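Okay, here's what each chain looks like letter by letter:
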Amino acid sequence: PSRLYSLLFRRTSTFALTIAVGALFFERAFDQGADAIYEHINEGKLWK
Amino acid sequence: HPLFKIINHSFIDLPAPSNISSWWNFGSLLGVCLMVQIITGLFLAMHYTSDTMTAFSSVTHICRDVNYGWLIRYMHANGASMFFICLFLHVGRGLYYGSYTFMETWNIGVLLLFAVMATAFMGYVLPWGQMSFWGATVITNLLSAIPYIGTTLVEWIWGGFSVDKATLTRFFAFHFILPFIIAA
Amino acid sequence: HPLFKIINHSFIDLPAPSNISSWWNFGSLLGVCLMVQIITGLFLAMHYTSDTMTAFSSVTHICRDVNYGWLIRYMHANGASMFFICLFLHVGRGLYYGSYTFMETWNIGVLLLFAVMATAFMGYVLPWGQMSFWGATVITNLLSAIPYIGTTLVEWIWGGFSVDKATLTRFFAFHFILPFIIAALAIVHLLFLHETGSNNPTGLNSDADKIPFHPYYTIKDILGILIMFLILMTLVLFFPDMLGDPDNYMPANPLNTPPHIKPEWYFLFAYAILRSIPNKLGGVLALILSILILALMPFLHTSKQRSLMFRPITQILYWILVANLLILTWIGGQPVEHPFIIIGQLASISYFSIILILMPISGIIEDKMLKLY
Amino acid sequence: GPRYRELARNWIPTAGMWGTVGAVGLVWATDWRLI
Amino acid sequence: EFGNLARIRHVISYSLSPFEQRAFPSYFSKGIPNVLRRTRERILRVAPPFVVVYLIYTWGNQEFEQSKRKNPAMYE
Amino acid sequence: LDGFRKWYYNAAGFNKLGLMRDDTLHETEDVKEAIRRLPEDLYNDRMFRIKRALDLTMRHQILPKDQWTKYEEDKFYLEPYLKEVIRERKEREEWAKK
Amino acid sequence: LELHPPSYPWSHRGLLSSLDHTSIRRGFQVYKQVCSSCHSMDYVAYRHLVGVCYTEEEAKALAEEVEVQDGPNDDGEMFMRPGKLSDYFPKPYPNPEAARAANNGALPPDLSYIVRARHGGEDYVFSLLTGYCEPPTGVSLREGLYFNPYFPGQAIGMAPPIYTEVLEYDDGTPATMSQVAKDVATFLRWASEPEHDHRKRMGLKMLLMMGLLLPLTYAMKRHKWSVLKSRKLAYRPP
Amino acid sequence: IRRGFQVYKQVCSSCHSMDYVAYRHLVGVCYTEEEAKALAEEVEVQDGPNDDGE
Amino acid sequence: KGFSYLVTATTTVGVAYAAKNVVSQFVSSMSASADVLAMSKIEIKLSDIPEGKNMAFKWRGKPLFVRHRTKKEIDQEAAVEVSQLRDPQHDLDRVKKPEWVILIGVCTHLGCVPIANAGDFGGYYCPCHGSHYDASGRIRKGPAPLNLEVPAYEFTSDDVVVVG
Amino acid sequence: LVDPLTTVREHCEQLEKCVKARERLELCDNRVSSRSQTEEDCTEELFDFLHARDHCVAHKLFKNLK
Ligand code: HEC
Ligand code: HEM
Ligand code: HEM
Ligand code: HEM
C-alpha cells in the first residue's frame, strides 16, 4: 500500500511513531498469545 | 611503535606553556590519587566482606590481623580526603584562570566530579559503622524528595524498605566499579 | 569533533575487506560477551558475599529469592562458556588464515587469552562448591611445582596454609578487577590492528576492494550478535545445566573430595597435556607452552602465501590439529586408566609436532610445488 | 659475520654491567639471603 | 583512510540500488548448488581427519571397558 | 611429476578465482619492492585480478571452468622482478657483515 | 565403576515441558513424612511453596505446623514459635554430628540440591530409592549398611526408606513405593530448581521472538549487502 | 597498657565486651608468650561442637 | 657533572629504598593474616581409632589423617622395601607407634584427599590421578611425587595424641 | 495394592535376553558357591543384568505409574 509509505515509512518521525506504538501493543498481544500456548502445552500441569 | 606515538603525543613531546604555576600540578596529582585509591581499594577488597553481620568485623580484621592492613585502610581513607583536596583546588584553578572556556573539558570535568562524589559517598557507607548507616539513610532519603517517582527510586536503591544488607552489597559493587569509569 | 573523529575512524569509515566471512564476526562477539559478562557479573555482585560461611548461601539466595536472579547467574555461567567458544573459534581463525603475521595484535591476543583463563578459573572458584574448592586446590598446588619460588608463592595466593576464606575473598577481588584490564587490553588489541587493517580469507592485499563498516559489517555483526544470543539463551533457558557440573551444587567439604574431578570443558585440552607429562614440572611447562605455542606461531610461518585458502596440505595438517585438540578435550574428561593415558601422551606429542615441525616443512613443500622455492 | 662480532664484543661488556645491576637489584629486592 | 588505500586503473564497477533488486535472487535456486559445490571442495580436506577421531574415540571407550571387565581366569 | 603438479595446481584452487601464482605471494618488504618495480600494465592486471578474486570470495562464487587459469598458462611475471629484489637484498646484507 | 541409571520418561523431560505440580505436592508430603527425619532441605522455605503447589493461606497452615525457636529474647533462648511463611524448612539434627551419630556415621545429604548435585540426579534418586536389591555373593558390607546397585560403592548408609504404603497420599493416589519415589524425585527436582516452570515459558517466548527476528535481520543484512553482491566489475585497460 | 589490661580483667570485664581484642594481640606488647598463654588458659571457652555436635 | 648526578644517584637509592618498602608491605598484606597463622593448635584421642582405621580432624584446614594399624598392617609396611620405595621412609620412620600412624591428607600430587581403605596397597588412594599410598602413607604407585607428610605429633598417652 | 514396578519388572524380566543374563549371573553365583574360597564376586554380572532389566522397565514403568 502506498498509503503506508506516505503515512508510516516516509518521515523518520512517522517511521518511529509506528514502531513505538506497535511495540506498545505487541507486548500485550505477544504475551497473551504466548501464554495461551505455553499453558495449553502443559494445560494439565499448572496451579490453575 | 603505534602505541609509543600516543605517549609521545600526550606526555613527552606535548607542547605545554612555559609559565604555568604549581596549581597546574594538581590535576596530575588527582590522577595519581585515583591510582593510589584503586590500588589501596584492591588491597582492601581481598579481605573486606560486604555482609552486614561481618562488614565491621572484616574492617577490624583488616586493621588488626592483616600485615600492614591498618596502613592500607588509613591510606585509602586519607587518600579519599587528599583526592577531594586536590579536586577542590583543581576546580578553583579552573574557575580563577578562565579555563572553563574549554567547554567540553569542563563538562567532562563536572561529570567526573559527580562520579567521584557518588563513589566517595558509597565508600563511606561501606565500613557499616554507626555514622555510615545513618549517613546513608539520610542521603538516600534525599532522593525521596523527587516529586512523583521519588519513593520508588529510594526503595530501588535501598533494595528494600530501609537500607540493610541489600544496600551494603550493591554499594560495594557500585563503589568497586565506578573508579574505572572515572579513569575512562 | 575529537570524539567523533575517533568514532568515525574505528567503526564507521574504517576500510574493511569486502570478502571476510562469518568467522570475522567472532571477535566482535567476544567483545559483546565481555560486556555481557561484566553486566551479569555486576548484578551478581550486588548479592554475592565472599565469605566461606555464606558464599554458597548467597548463591542459593540469588537463585531462589532475587527476582530473576537464576537468570542472571546462569547467563553469567553460560556466557563464560560462550566466551570460550568464541575465543577458540577466534584463535582458530587466526591460525588458519595467517593472521598471526600481525605480530603485535597476536601477542596482545595471547595476553588477553591468559587473562581470560585466569579470570574464568577464579570465577569458577567463587561459588565455593565442592568442585570449586577441590579444583582450586588442585590447580593452585600446580603452582607448588616451582622448587624454590613455588611453594611459598602458592600459600601466598592461598593466603594461608591451604585454600580457605583467605583465598575466596582475594579471588573475588581479582575476578572482579581483571575483566576491566581485559577491556583495556582489548582496546590496545583494536589499536594494534587498525594500524594494519583486518585480513581477508584469501590472504591477499585487499586494498583494491574495501568497503565501509557501518552498513556492511555492522548489520552483519548485529546478525551474529542475534545468533549468538539465540545459542546462549537456548543454553540457559532450556539447557541450563548442560555445560556445568553436578558436584558444584554440593557445599565445599574439605574432608571429602569429589570422586570424579575435572576442569570445565575449555580448560581440558590443557588438563590432558599436564596429565600426559610424567614430571610435574614438565606438565606445568608443557601446559603453559600449550597456550604459548601460539605466541611462538608468527615465527614459524615459512610460506610465501599468507592464508590457507590455496594451501591444501597445510589445510589437512590444520584439520588434524583441530582433530587432536578435540581428542585432548575428550581425554581430559576420561579418568586415569588405559588406554586413555596413551592417547593423551600421543595426542600431546602430535599436537606439539604438528605446530612446531610439520606445518613449516609442509609450507616449504607447498612452495616447492608452485616452483617458488 | 665479523662486524656483528665486533659489535657484540663491544656491547657484551656493557651488557654484563647491566646484568650486574640486575643481580644486585633482584637479590636486594628478593632479599634472597643465599646471596 | 579511504582515498589513499590503493591505486587501481580502468576498473569500472557497476551496481544496483538495494530497493531496485530482489532481496533473495534465486536464493535456493543457486544457493543449494553452490553450497553443494562448496562442500565437495573442502569435504575431503575437513572430514577425513575428524572421521578418524570418531574412530579413536570409539575404540578408546570400548578398550577401557574391556580393561575393567573381570578376567575370567582371574580368581579361577 | 608434471601431472602431479597439475593436480596440485587444481587442488590449490587459486586458478578458480582467476588468480596467477604471483598474485598469491604474501606482500613482504621484498615482494612490495618487486611489485613497485612492475610496469604499469602488469600492475593494473594484477590489481584487477586481486579485486575480482576478492569480489568472488565475497559472493562465495568461483569463475566458470572455461575462465579458470590454466596451469600451463599461468605466467610467473613477478618472479623475475622478485629475484632481483632478493639478490640486491642479500648483497647489501653480506656487505654489512664486511 | 558404577551402574548408570537409565532415562525415565519424565513429564518435564521435554524441551518445553513443565513440572506436574500435583506430583510436587505429593513429593513434598513424602519429604515431610519420611525424608525430613534425617535430611535437611535447608534452602527451601515454606514461603517458597506459595505459587507452586500451595496457596498463600494454605502454606501458612503448613508453616503454623512447626516449632521454630527464636534465639534472642529479653532473657531467654528458645520458645519455638509457630513457624511462619518466612521460616525455612526445619532441619533435623541441628548439628551435623548429631545425624552422623543417628545415621551410624552417615550424614544424610541435604536434599535441597541433591538432584542437581547428583549426576543424572532425577534418575539416580529414583534408582537409589528403588534400587534396594539383594546384595550379591562375596560382598561384605560393614555394620549398618544396605545394598543399592547405584549408590557409589553400592554401600549407602541410608536404609531403604520407602516401603510400599509407607505413607498415605492425601490425594489418595495409591501410595506404591514407585508412585512415592517418582513424586519425591519430582519434588526434589522442583526443590533444586523452583524456577523450572517460569524459565521454560521464557524459553518459549525466546524461541518465538528469535523465529520472528532472525529472518528479518537476515533480510535487512541481505538488503544492505545485495548492493555489493550484485556489483559487476569490469577491467577496461585503455 | 599492662596495668590497664589488668583493670579490665578484674573490674570492667564482667559487663563490657572487648570482642575485637584477643589474647594473641597482647604478645610482644604487655606480656610474653607464656604469660599470655596462662592468661588465656585462666579464661574458659564454652562453645564449639563435639562428636555429638555437642 | 658528578655533583649533579650524585644527587640523581643519591635520590634514586632513597626512592628505591622507599619503593621496595612500599611494595614489600603490600606483598606482606596478601600474606598470611595474623589470625590465620594462629592455628598451630591441635588435639586427638587415641581411643577414638582402633587398628585398621583412619581418622581426620581437619587440622589447619587440611585432613589430619590419624590411623591405627594391625599386626599384619604393621608387619607388611616394615616388609616394604624402603630403598625400593618411591620415597625412602620406612613405615616406623614416620610413626612413633607401629599400631599408630598419623598423616596429612594432601596428595603430594595436586592436593586432593587420599581416600582411606581403598587402593592396591591397603593404605590410601587419591581419586584425582590414581596415587596409591601404603598404610605408611608412602606413595607406592601412580604420579604422586612424595610420601604423605607426617605432622610432628605428640603421644602424651596411649589415649591422647597432641599432633602439636 | 501392587506396585506397578513389580508388573513392569516381571515383563521385562521374563525376556530371555534377560533370562540368560540372569543365568550367566547364576553360573557366576554358583561359581562363587563352589569357588567359595576366593575373592571373585558377582557384582559385575549383577550390574549388567540390572542395566538391561531396568532399561527396559524404565522404558515402561512411567506409563503404568500415575
Ligand atoms: C533413618 C535414616 C534415613 C531415612 C528414613 C532416609 N534416608 Fe536418605 N540417606 C540417609 C543417609 C544416612 C544418607 C547418606 C548415606 C551415604 O551416603 O552413605 C542418605 C542419602 C540420601 C540421598 C543421596 C545419596 C547419595 O548418593 O549421596 C538421597 C537422594 C536420599 N537419601 C533420599 C531419601 C528419600 C527420598 C527418603 C524417604 C522418602 C530417604 N532418603 C529416607 C538416611 C536416611
Ligand atoms: C576501584 C577502586 C576502589 C576499591 C576497590 C575500593 C574499595 C574499598 C573498600 C573495600 C572499602 C572498605 C574498606 C574501608 O573502610 O576502607 C573502601 C572504603 C572507602 N573508599 Fe574505596 N575503593 C576504591 C576507590 C575509591 C576511591 C576512588 C575513593 C575516593 C573517591 C574511595 C573512597 C573510599 C572511602 C572514603 C572509604 C571509606 C573509608 C573509611 O572506612 O573510613 N574509594 N573502598
Ligand atoms: C578478549 C577476547 C578477544 C576479542 C574480544 C577479540 C576481538 C577481536 C576483534 C573484534 C577483531 C577484529 C577482527 C574482526 O572482528 O573482524 C580481532 C582481530 C584479531 N584478533 Fe582477536 N579478540 C580476542 C582474542 C584474541 C586472541 C586470544 C588472539 C590470539 C590468539 C587474537 C588474535 C586476533 C588477530 C590476529 C586479529 C586480527 C585478525 C583480523 O582481523 O583479520 N584475538 N579480535
Ligand atoms: C568485571 C567483570 C566481572 C564481574 C564483576 C564478575 C563477577 C562474578 C561474580 C560475583 C561471580 C560469583 C557469582 C556466581 O558464581 O554465581 C562470578 C562467577 C563467575 N564468573 Fe564472573 N565476573 C566478571 C567477568 C567474568 C569473566 C570475563 C568471566 C570469564 C572469563 C567470568 C566467568 C565467571 C565464572 C565461570 C563464574 C562461575 C560461574 C558458576 O558459578 O558456575 N566472569 N562472576
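Residues numbered from 1 in each chain as written, not as in the entry; some residues may be left out. Chains lettered and ligands numbered in written order. Part of a larger assembly, values for the part shown. Heavy atoms only, no water.

Draft legend 1. Broad picture of the overall build of chain J. Helix and strand counts for chain J stand at three helices and zero strands. Of the regular secondary structure in chain J, the N- to C-terminal order runs α-α-α. A principal-axis box enclosing the C-alpha atoms of chain J has dimensions of 45 × 25 × 15 Å. Classification of the 66 residues of chain J by burial places 42% in the buried group. At a minimum sequence separation of 6, the contacts of chain J that also span at least 24 residues come to 61%. If you sum the accessible surface of chain J, you get close to 3800 Å²; carbon and sulfur atoms cover 53% of it. (Helix = DSSP H or I, 4+ residues; strand = E, 2+ residues; numbered from the N terminus. Buried < 20%, exposed > 50% of the residue type's maximum accessible area, 1.4 Å probe, protein only. Contact = heavy atoms within 4.5 Å. Areas by Shrake-Rupley, 256 points an atom, 1.4 Å probe, with all protein chains shown as cover.)

Draft legend 2. Structural view of a nonpolar patch on the surface. All names here are of chain C. On the surface, a cluster of nonpolar side chains totalling about 700 Å² of accessible area is made up of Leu-296, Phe-299, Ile-313, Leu-356, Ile-357, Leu-358, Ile-361 and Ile-365. At five residues, helix α13 (residues 340-369) tops the list of elements feeding residues into the nonpolar patch. Inspection of the secondary structure assignment puts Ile-361 in helix α13. Here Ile-361 falls in the partly exposed class, since its relative accessible area comes to 45%. (Patch = residues over 30% accessible without salt bridge, like charges linked within 9 Å, V, L, I, M, F, W, Y side chains within 5 Å. Salt bridge = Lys/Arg side-chain N within 4 Å of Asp/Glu carboxyl O.)

Draft legend 3. Fine view of unusual backbone geometry. The peptide bond linking C:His338 to C:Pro339 adopts the cis configuration, its omega dihedral lying at -10°. With respect to the helices and strands, C:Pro339 occurs in the loop between α12 (312-333) and α13. Phi at F:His60 is positive, roughly 55°, even though this residue is not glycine. Relative to the elements of secondary structure, F:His60 occurs in the loop between α3 (40-58) and α4 (78-97). Under the relative-accessibility criterion, F:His60 is labelled partly exposed at 35%.

Draft legend 4. Quick peek at the pattern of salt bridges. Under the defined criterion, the tally for this structure stands at 58 salt bridges over all chains. Two residues, I:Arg67 and I:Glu73, come together in a salt bridge whose shortest N-O distance is 3.6 Å. Grouping residues by exposure puts I:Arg67 and I:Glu73 together as buried. For J:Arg22, the salt bridge identified is with J:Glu23, shortest N-O distance 3.6 Å. Of the residues examined, J:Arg22 reaches a relative accessible area of 33% and is grouped as partly exposed. Via salt bridges that share partners, C:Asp241, G:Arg116, G:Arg189, G:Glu193, G:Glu195 and G:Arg199 belong to a single interconnected network.

Draft legend 5. Here's a closer look at the interface of chain G and chain C. Taken together, the contact between chain G and chain C spans 39 residues of the former and 37 residues of the latter. Where chain G abuts chain C, roughly 3400 Å² becomes buried across the two surfaces, and 68% of that area is made up of carbon and sulfur atoms. Here chain G and chain C share three salt bridges between them. Ionic pairing is found between G:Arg231 and C:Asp209, a salt bridge with its closest N-O pair at 2.7 Å. Those elements that place two or more of their residues in the side of chain G that touches chain C are α2 (46-49), α5 (114-117), α7 (177-192), α8 (196-224) and α9 (226-230) of chain G. For the side of chain G that touches chain C, the per-class residue count stands at 22 nonpolar, seven polar and ten charged. (Buried area = accessible area lost by both parts, 1.4 Å probe. Nonpolar A, V, L, I, M, F, W, Y, C, P; charged D, E, K, R; others polar.)

Draft legend 6. Quick look at the pairing of strand β4 (residues 100-104) of chain I. Residue and element names in this part refer to chain I. Here β4 lies mainly inside the structure; five of its five residues are buried. Both faces of β4 are covered, namely the face carrying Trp-100, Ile-102 and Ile-104 and the face carrying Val-101 and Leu-103. Judged from the five bridges that link them, strand β3 (residues 64-68) and β4 form a sheet pairing that is antiparallel. Residue pairing across strands places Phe-65 opposite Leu-103, the latter belonging to β4. (Pairing = 2+ DSSP bridges.)

Draft legend 7. Layout of the coordination of the iron atom of ligand 2. Residue and element names in this part refer to chain B. Protein coordination at the iron atom of ligand 2: the donors are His-76 (NE2) and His-175 (NE2), at 2.0 to 2.1 Å from the metal. Taken together, the six donor atoms surrounding the iron atom of ligand 2 define angles of 85 to 178° at the centre, an arrangement classified as octahedral. You can see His-76 sitting in helix α4 (residues 69-96) and its partner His-175 sitting in helix α8 (residues 165-183), a full 99 residues away along the chain. No difference in accessibility class separates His-76 from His-175, as the two residues are buried. (Donors = N, O, S within 2.8 Å, 3.2 Å for Na, K, Ca; no water. Tetrahedral: all angles 85-135°; square planar, octahedral: opposite > 155°, others 65-115°.)

Draft legend 8. Summary view of empty space enclosed by the protein. A full pass over the atoms with the stated rule returns seven cavities of 30 Å³ or more. There is about 150 Å³ of room inside the largest cavity. In terms of lining residues, the largest cavity is bounded by 19 residues, among which C:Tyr100, C:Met297, C:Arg311, C:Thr314 and C:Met359 are the most central. Among the elements of the structure, α4 (69-96), α12 and α13 of chain C are those that each provide at least two residues to the lining of the largest cavity. The element best represented in the lining of the largest cavity is α13(C), accounting for four residues. Its residues assigned to classes, the lining of the largest cavity shows eleven nonpolar, six polar and two charged. Looking at the second largest cavity, the residues that line it are C:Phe56, C:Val59, C:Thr60, C:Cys63, C:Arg73, C:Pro127, C:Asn248, C:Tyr249 and G:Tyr113. Looking at the lining of the second largest cavity, the element that brings in the most residues is helix α3 (residues 55-64) of chain C, giving four residues. Each residue belonging to the lining of the second largest cavity can be placed in one class, and the counts come to six nonpolar, two polar and one charged. (1 Å grid on protein atoms, 1.4 Å probe; cavity = no way out; pocket = protein on both sides within 12 Å on 5 of 7 lines; lining within 4 Å. Points joined across faces, edges and corners; volume = space filled by probe spheres on them.)

Draft legend 9. Expanded view of the coordination of the iron atom of ligand 3. The iron atom of ligand 3 binds to the protein through C:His90 (NE2) and C:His189 (NE2), with metal-donor distances spanning 1.8 to 2.5 Å. What makes C:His189 buried here is its relative accessible area of 17%.

Draft legend 10. Structural detail: the packing of helix α9 (residues 218-238) of chain C against α8(G). Where α9(C) contacts α8(G), the axes come no closer than 10 Å and their chain directions differ by 165°. With respect to their mutual orientation, α9(C) and α8(G) come out roughly antiparallel. As α9(C) packs across α8(G), the resulting crossing turns out to be left-handed. Among the residues making up the contact of α9(C) with α8(G), the classes are represented as 20 nonpolar, three polar and five charged. (Axes fitted to C-alpha atoms, helices over the stretch in contact; angles between N-to-C directions. Parallel < 35°, antiparallel > 145°, perpendicular 65-115°, else oblique. Left-handed = near helix turned anticlockwise from the far one by under 90°.)

Draft legend 11. A look at the sheet that holds strand β5 (residues 115-116) of chain I. All names here are of chain I. Sheet architecture is open: four strands sit in the order β5-β6-β7-β8, paired in antiparallel fashion. Every interior strand has two partners, whereas the edge strands, β5 and β8 (139-141), have only one. Relative to strand β7 (residues 131-134), strand β6 (residues 122-126) runs antiparallel, the two being bridged by four bridges. Within the sheet, the bridge partner assigned to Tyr-125 lies in β7 and is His-132.

Draft legend 12. Structural context of the UniProt feature "transmembrane region" in chain E. The positions UniProt marks with the feature "transmembrane region" are residues 41-59 of chain E. Here residues 41-59 of chain E is 100% helix and 0% strand, with 30 Å between the C-alpha atoms at its ends. (UniProt positions renumbered as here; feature names shortened; annotations may be inferred.)

Draft legend 13. Quick look at the UniProt feature "disulfide bond" in chain J. Residues and elements named next belong to chain J. Here the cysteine sulfurs of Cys-12 and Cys-56 are separated by 2.0 Å, meaning the disulfide UniProt annotates for them is intact. Taken together, the positions of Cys-12 in helix α1 (residues 4-14) and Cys-56 in helix α3 (residues 43-59) put the pair 44 residues apart, joining distant regions of the chain. Summarising the burial analysis for this pair, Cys-12 and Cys-56 share the class buried. With an S-S distance of 2.0 Å, the disulfide that UniProt assigns to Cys-28 and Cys-42 is formed in this structure. Taken together, the residues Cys-28 in helix α2 (residues 16-34) and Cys-42 in the loop between α2 and α3 connect sequence positions 14 residues apart. Grouping residues by exposure puts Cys-28 and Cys-42 together as buried. (Disulfide = S-S within 2.5 Å.)

Draft legend 14. Summary view of the site of ligand 1. Residue and element names in this part refer to chain G. Inspection of the region around ligand 1 gives 22 residues, with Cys-35, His-39, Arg-118, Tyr-124 and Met-158 positioned closest. In this structure, a nitrogen atom belonging to ligand 1 sits 2.7 Å away from a side-chain N or O atom of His-39. One nitrogen or oxygen atom from the side chain of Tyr-124 is found 2.5 Å from an oxygen atom belonging to ligand 1. No other element matches helix α6 (residues 121-129), which puts three residues into the shell around ligand 1. (Near = heavy atom within 4 Å. Polar contact = N/O pair within 3.5 Å; in protein donor to acceptor, adjacent residues only side chain to side chain.)

Draft legend 15. Representation of helix α1 (residues 27-68) of chain E within the structure. Along its length, α1(E) reaches its greatest deviation from straightness, about 60°, at E:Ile43. All buried positions along α1(E) are accounted for by E:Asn34, E:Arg37, E:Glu41, E:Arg45, E:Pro49, E:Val53, E:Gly60 and E:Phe64. Of the surrounding secondary structure, the elements contacted by the buried residues of α1(E) are α12 and α13 of chain C together with α1 (2-12) of chain F. (Bend = angle between axes of the 7 residues up to and from the residue.)

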